[PDB]
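Data from data_2.txt: compact mmCIF, C-alpha atoms and all ligand atoms
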# COMPACT_ATOMS: atom_id res chain seq x y z
CA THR D 18 -7.58 60.00 5.50
CA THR D 19 -8.34 63.43 3.95
CA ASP D 20 -10.09 62.87 0.62
CA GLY D 21 -7.75 63.34 -2.36
CA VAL D 22 -5.18 61.71 -4.65
CA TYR D 23 -2.18 59.87 -3.07
CA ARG D 24 1.10 58.34 -4.23
CA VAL D 25 1.72 54.66 -3.36
CA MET D 26 5.40 54.25 -2.32
CA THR D 27 7.68 51.25 -1.50
CA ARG D 28 11.05 51.05 0.31
CA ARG D 29 11.51 47.38 -0.93
CA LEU D 30 13.45 48.58 -4.07
CA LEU D 31 16.37 51.12 -4.23
CA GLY D 32 15.63 54.21 -1.97
CA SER D 33 11.85 55.18 -2.01
CA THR D 34 10.07 54.23 -5.27
CA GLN D 35 6.55 55.28 -6.49
CA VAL D 36 4.75 52.09 -7.66
CA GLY D 37 1.36 53.80 -8.26
CA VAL D 38 -1.41 56.20 -7.25
CA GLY D 39 -4.87 56.06 -5.71
CA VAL D 40 -7.95 57.92 -4.50
CA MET D 41 -9.15 58.44 -0.91
CA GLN D 42 -12.97 58.99 -0.93
CA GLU D 43 -15.52 58.40 1.89
CA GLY D 44 -12.74 56.86 4.11
CA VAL D 45 -11.86 54.20 1.44
CA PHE D 46 -8.58 54.00 -0.50
CA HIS D 47 -9.00 52.98 -4.18
CA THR D 48 -6.12 51.76 -6.45
CA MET D 49 -5.24 49.19 -9.13
CA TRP D 50 -4.62 45.57 -8.05
CA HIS D 51 -1.28 45.38 -9.98
CA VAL D 52 0.05 48.37 -7.91
CA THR D 53 -0.27 46.75 -4.42
CA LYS D 54 -0.97 43.05 -5.30
CA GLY D 55 -3.40 43.24 -2.32
CA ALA D 56 -0.68 44.06 0.30
CA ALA D 57 -1.50 46.17 3.39
CA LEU D 58 -0.57 49.90 3.25
CA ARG D 59 0.69 52.39 5.88
CA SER D 60 -0.62 55.97 6.18
CA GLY D 61 1.63 57.67 8.77
CA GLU D 62 1.47 55.41 11.88
CA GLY D 63 -1.84 53.80 10.75
CA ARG D 64 -2.47 50.67 8.61
CA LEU D 65 -4.96 50.26 5.70
CA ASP D 66 -6.13 46.64 5.14
CA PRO D 67 -7.58 45.40 1.82
CA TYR D 68 -11.36 45.04 1.83
CA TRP D 69 -12.31 44.12 -1.76
CA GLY D 70 -10.30 43.27 -4.88
CA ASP D 71 -10.37 41.53 -8.26
CA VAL D 72 -7.35 40.67 -10.47
CA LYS D 73 -9.46 40.63 -13.70
CA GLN D 74 -10.95 44.13 -13.07
CA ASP D 75 -7.42 45.12 -11.80
CA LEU D 76 -8.95 47.02 -8.82
CA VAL D 77 -8.67 46.98 -5.00
CA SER D 78 -10.27 48.96 -2.14
CA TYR D 79 -8.93 49.46 1.43
CA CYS D 80 -10.94 50.12 4.67
CA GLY D 81 -14.35 49.60 3.00
CA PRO D 82 -16.17 48.78 -0.22
CA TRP D 83 -15.49 50.46 -3.61
CA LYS D 84 -17.19 53.92 -3.45
CA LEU D 85 -16.52 55.39 -6.99
CA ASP D 86 -19.59 54.99 -9.22
CA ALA D 87 -19.54 57.88 -11.75
CA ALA D 88 -19.37 56.86 -15.46
CA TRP D 89 -17.97 58.45 -18.62
CA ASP D 90 -21.10 59.78 -20.48
CA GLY D 91 -19.55 58.54 -23.83
CA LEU D 92 -19.51 62.10 -25.38
CA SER D 93 -17.64 64.68 -23.15
CA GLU D 94 -13.88 65.38 -22.68
CA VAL D 95 -12.44 64.18 -19.35
CA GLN D 96 -9.34 65.00 -17.22
CA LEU D 97 -6.56 62.67 -16.15
CA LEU D 98 -5.22 63.86 -12.77
CA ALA D 99 -1.77 62.44 -13.57
CA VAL D 100 0.59 61.93 -10.56
CA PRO D 101 3.91 60.82 -12.16
CA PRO D 102 6.88 59.54 -10.03
CA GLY D 103 8.79 62.51 -8.49
CA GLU D 104 6.56 65.11 -10.33
CA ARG D 105 3.68 67.40 -9.24
CA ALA D 106 0.05 66.31 -9.85
CA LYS D 107 -1.18 67.81 -13.18
CA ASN D 108 -4.62 67.77 -14.90
CA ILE D 109 -4.55 66.72 -18.63
CA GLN D 110 -7.85 67.19 -20.57
CA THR D 111 -8.57 64.71 -23.46
CA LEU D 112 -11.48 63.19 -25.59
CA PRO D 113 -11.42 59.40 -24.75
CA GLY D 114 -11.35 56.72 -27.43
CA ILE D 115 -13.03 53.31 -27.05
CA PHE D 116 -11.96 49.77 -26.15
CA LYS D 117 -14.40 47.44 -27.99
CA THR D 118 -14.77 44.00 -26.17
CA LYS D 119 -16.95 40.88 -26.53
CA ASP D 120 -18.68 42.04 -23.26
CA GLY D 121 -19.18 45.71 -24.40
CA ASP D 122 -17.35 49.02 -24.94
CA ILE D 123 -15.15 50.92 -22.39
CA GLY D 124 -13.72 54.46 -22.70
CA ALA D 125 -9.93 54.67 -23.35
CA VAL D 126 -7.40 57.50 -22.56
CA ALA D 127 -4.45 57.83 -25.01
CA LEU D 128 -1.82 59.48 -22.69
CA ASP D 129 1.73 58.07 -22.08
CA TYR D 130 3.00 58.16 -18.42
CA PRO D 131 5.50 55.95 -16.51
CA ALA D 132 4.20 52.69 -14.89
CA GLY D 133 4.26 54.33 -11.38
CA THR D 134 1.40 56.68 -12.57
CA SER D 135 -1.01 53.64 -12.52
CA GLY D 136 -4.09 54.37 -10.34
CA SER D 137 -4.23 58.11 -11.27
CA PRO D 138 -7.91 59.18 -11.34
CA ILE D 139 -9.90 60.19 -14.48
CA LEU D 140 -12.51 62.94 -13.76
CA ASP D 141 -15.75 64.30 -15.32
CA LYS D 142 -16.54 68.05 -15.38
CA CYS D 143 -18.15 67.78 -11.87
CA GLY D 144 -14.80 66.46 -10.48
CA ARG D 145 -16.30 62.95 -10.04
CA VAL D 146 -13.92 59.99 -10.51
CA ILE D 147 -15.18 58.00 -13.54
CA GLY D 148 -12.30 55.45 -13.32
CA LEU D 149 -8.58 54.85 -12.77
CA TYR D 150 -5.82 55.15 -15.38
CA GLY D 151 -3.13 52.46 -15.76
CA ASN D 152 -4.47 49.15 -17.26
CA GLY D 153 -4.27 49.02 -21.03
CA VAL D 154 -2.30 48.17 -24.17
CA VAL D 155 0.63 49.37 -26.31
CA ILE D 156 -0.67 49.97 -29.87
CA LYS D 157 0.95 49.37 -33.35
CA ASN D 158 2.38 52.95 -33.47
CA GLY D 159 3.90 52.43 -29.93
CA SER D 160 1.64 54.70 -27.78
CA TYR D 161 0.21 53.59 -24.38
CA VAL D 162 -3.63 53.57 -24.25
CA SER D 163 -5.35 53.00 -20.86
CA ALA D 164 -8.89 51.70 -20.23
CA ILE D 165 -11.09 53.91 -18.08
CA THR D 166 -11.32 51.24 -15.30
CA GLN D 167 -14.32 51.71 -12.93
CA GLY D 168 -15.54 49.40 -10.15
CA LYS D 169 -19.12 48.70 -8.87
CA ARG D 170 -20.53 50.50 -5.77
CA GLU D 171 -22.55 47.59 -4.09
CA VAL L 49 4.31 46.91 6.11
CA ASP L 50 6.56 48.05 3.13
CA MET L 51 4.12 50.19 1.10
CA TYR L 52 2.93 53.64 2.30
CA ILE L 53 0.75 56.47 0.89
CA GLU L 54 1.44 60.21 0.67
CA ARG L 55 -1.08 62.92 -0.33
CA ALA L 56 -0.45 64.48 -3.79
CA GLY L 57 -3.46 66.78 -4.30
CA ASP L 58 -7.19 67.48 -4.41
CA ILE L 59 -9.49 65.84 -6.98
CA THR L 60 -10.79 68.82 -8.92
CA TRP L 61 -11.54 69.65 -12.59
CA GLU L 62 -9.10 72.45 -13.59
CA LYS L 63 -10.29 75.00 -16.24
CA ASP L 64 -6.56 75.90 -16.89
CA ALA L 65 -5.81 72.28 -18.07
CA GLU L 66 -3.60 71.49 -21.14
CA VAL L 67 -5.73 69.60 -23.80
CA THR L 68 -3.96 66.66 -25.60
CA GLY L 69 -4.18 62.96 -26.64
CA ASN L 70 -6.14 61.33 -29.49
CA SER L 71 -9.27 59.05 -29.36
CA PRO L 72 -8.40 55.65 -30.87
CA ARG L 73 -11.14 52.99 -31.37
CA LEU L 74 -9.53 49.59 -30.57
CA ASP L 75 -10.76 45.95 -30.61
CA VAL L 76 -9.41 44.36 -27.39
CA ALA L 77 -9.69 41.18 -25.26
CA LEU L 78 -9.35 40.94 -21.44
CA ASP L 79 -7.90 37.68 -20.04
CA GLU L 80 -8.44 36.13 -16.59
CA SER L 81 -5.19 37.81 -15.33
CA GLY L 82 -6.59 41.33 -16.05
CA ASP L 83 -4.29 41.76 -19.10
CA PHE L 84 -5.63 43.50 -22.23
CA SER L 85 -4.51 42.38 -25.72
CA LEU L 86 -5.28 43.94 -29.15
CA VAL L 87 -7.58 41.78 -31.41
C1 LIG H 1 0.71 53.57 -16.72
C2 LIG H 1 1.26 52.25 -17.21
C3 LIG H 1 0.60 51.06 -16.87
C4 LIG H 1 1.06 49.82 -17.30
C5 LIG H 1 0.27 48.55 -16.95
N1 LIG H 1 1.01 47.57 -16.21
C6 LIG H 1 0.42 46.40 -15.70
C7 LIG H 1 1.24 45.50 -15.03
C8 LIG H 1 0.74 44.31 -14.53
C9 LIG H 1 -0.61 44.04 -14.67
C10 LIG H 1 -1.46 44.94 -15.31
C11 LIG H 1 -0.98 46.15 -15.82
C12 LIG H 1 -2.87 44.39 -15.32
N2 LIG H 1 -2.68 42.97 -14.93
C13 LIG H 1 -1.39 42.83 -14.22
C14 LIG H 1 -0.30 48.05 -18.30
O1 LIG H 1 -1.28 48.57 -18.79
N3 LIG H 1 0.40 47.10 -18.93
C15 LIG H 1 0.08 46.56 -20.25
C16 LIG H 1 0.95 47.10 -21.38
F1 LIG H 1 0.87 48.44 -21.45
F2 LIG H 1 2.26 46.86 -21.18
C17 LIG H 1 2.20 49.78 -18.10
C18 LIG H 1 2.89 50.95 -18.45
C19 LIG H 1 4.09 50.88 -19.34
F3 LIG H 1 3.76 51.01 -20.60
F4 LIG H 1 4.98 51.84 -19.09
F5 LIG H 1 4.77 49.73 -19.28
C20 LIG H 1 2.40 52.17 -18.00

Could you render the structure from this file as structure tokens?
Ligand SMILES: Cc1cc([C@H](Nc2ccc3c(c2)CNC3)C(=O)NCC(F)F)cc(C(F)(F)F)c1
Amino acid sequence: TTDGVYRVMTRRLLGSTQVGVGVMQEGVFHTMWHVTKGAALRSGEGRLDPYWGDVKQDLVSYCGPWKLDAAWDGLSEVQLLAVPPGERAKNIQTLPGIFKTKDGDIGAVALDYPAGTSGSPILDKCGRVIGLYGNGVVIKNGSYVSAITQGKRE
Amino acid sequence: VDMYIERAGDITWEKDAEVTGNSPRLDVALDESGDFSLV
């Protein structure tokens, strides 16, 4: 339960497969709904049970309520702490674009990683998590663009 | 319980970091299944 970034693994497919990534903060594990589909997780000999989740937001928390509440300021570069399958964690700095929706505008990160990188955290210059990478679109020119997906701290 | 977690690092801003990616402005829609589509 040390704070930090974690891989989410399964043995249900061939060998051991990385299906996504998440963030341990304040004793809560944070990831994208489509990574776990709300299943329980193991950490060593211990179990993490889902506590909150929402398919439309594509988010889920384990062991307690969603704790991440920092926001992209709309101006500054950010860092993706990318954790790709079988590869070391690496920081990638970028200026977000924008997703424009009927319900308002969201920052967007235009970086292409494999599906199992979903749930990698996006950071501000204070190292705060401003959202998770891995729900987005493929655009005309073929690139992957991710929303900056952030939950609500209740 | 199939799925398990393994630590991969600390959450820190790195001054060394490689700078890349563009900043597209995109009209999108979000459906009830949490799927984005381009408008
Ligand atoms: C990093 C990454 C993430 C995705 C991601 N997949 C996905 C799958 C199921 C659901 C959702 C997201 C949200 N609701 C259920 C995604 O945005 N998909 C949309 C588009 F990009 F395909 C996909 C990829 C990859 F591009 F590699 F397929 C990568």

Within 7 Å of ligand LIG 1 (chain H), which residues of chain L come that close, and what is the closest atom pair and distance in Å for each? Count all atoms listed in the file and give it as a Markdown table.
| residue | atom | partner | partner_atom | distance |
| --- | --- | --- | --- | --- |
| L:81 | CA | H:LIG1 | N2 | 5.8 |
| L:82 | CA | H:LIG1 | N2 | 4.4 |
| L:83 | CA | H:LIG1 | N2 | 4.6 |
| L:84 | CA | H:LIG1 | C15 | 6.8 |

Give me, as CSV, each residue of chain D that comes within 7 Å of chain L, together with its shortest interatomic pair and the distance in Å at one decimal, counting only C-alpha atoms, with rows ordered by chain and rising residue number.
residue,atom,partner,partner_atom,distance
D:21,CA,L:58,CA,4.7
D:22,CA,L:57,CA,5.4
D:23,CA,L:55,CA,4.2
D:24,CA,L:54,CA,5.3
D:25,CA,L:53,CA,4.7
D:26,CA,L:52,CA,5.3
D:27,CA,L:51,CA,4.5
D:28,CA,L:50,CA,6.1
D:29,CA,L:50,CA,6.4
D:57,CA,L:49,CA,6.5
D:58,CA,L:51,CA,5.2
D:59,CA,L:52,CA,4.4
D:60,CA,L:53,CA,5.5
D:72,CA,L:82,CA,5.7
D:73,CA,L:82,CA,3.8
D:74,CA,L:82,CA,6.0
D:75,CA,L:82,CA,5.8
D:96,CA,L:61,CA,6.9
D:106,CA,L:56,CA,6.3
D:108,CA,L:65,CA,5.6
D:109,CA,L:66,CA,5.5
D:110,CA,L:67,CA,4.6
D:111,CA,L:68,CA,5.4
D:112,CA,L:71,CA,6.0
D:113,CA,L:71,CA,5.1
D:114,CA,L:71,CA,3.7
D:115,CA,L:73,CA,4.7
D:116,CA,L:74,CA,5.0
D:117,CA,L:75,CA,4.7
D:118,CA,L:76,CA,5.5
D:127,CA,L:69,CA,5.4
D:128,CA,L:69,CA,5.8
D:140,CA,L:61,CA,6.9
D:142,CA,L:61,CA,5.9
D:143,CA,L:61,CA,6.9
D:144,CA,L:60,CA,4.9
D:153,CA,L:84,CA,5.8
D:154,CA,L:84,CA,6.1

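Between atom CA of residue 162 of chain D and atom CA of residue 70 of chain D there is a distance of 22.9 Å.
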
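Across the model, the gap from atom CA of residue 55 of chain D to atom CA of residue 76 of chain D is 9.3 Å.
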
Problem set entry | Interatomic distance (Å, one decimal) between atom CA of residue 88 of chain D and atom CA of residue 68 of chain D | 22.4 Å

Exercise. Which residue out of D:158, D:78, D:19, D:33 has the minimum interatomic distance to residue 49 of chain D when only C-alpha atoms are used?
Worked result: D:78

For this session: Find the residue from D:48, D:160, D:93, D:152 that sits nearest to residue 136 of chain D; use all atoms listed in the file when measuring.
Result: D:48
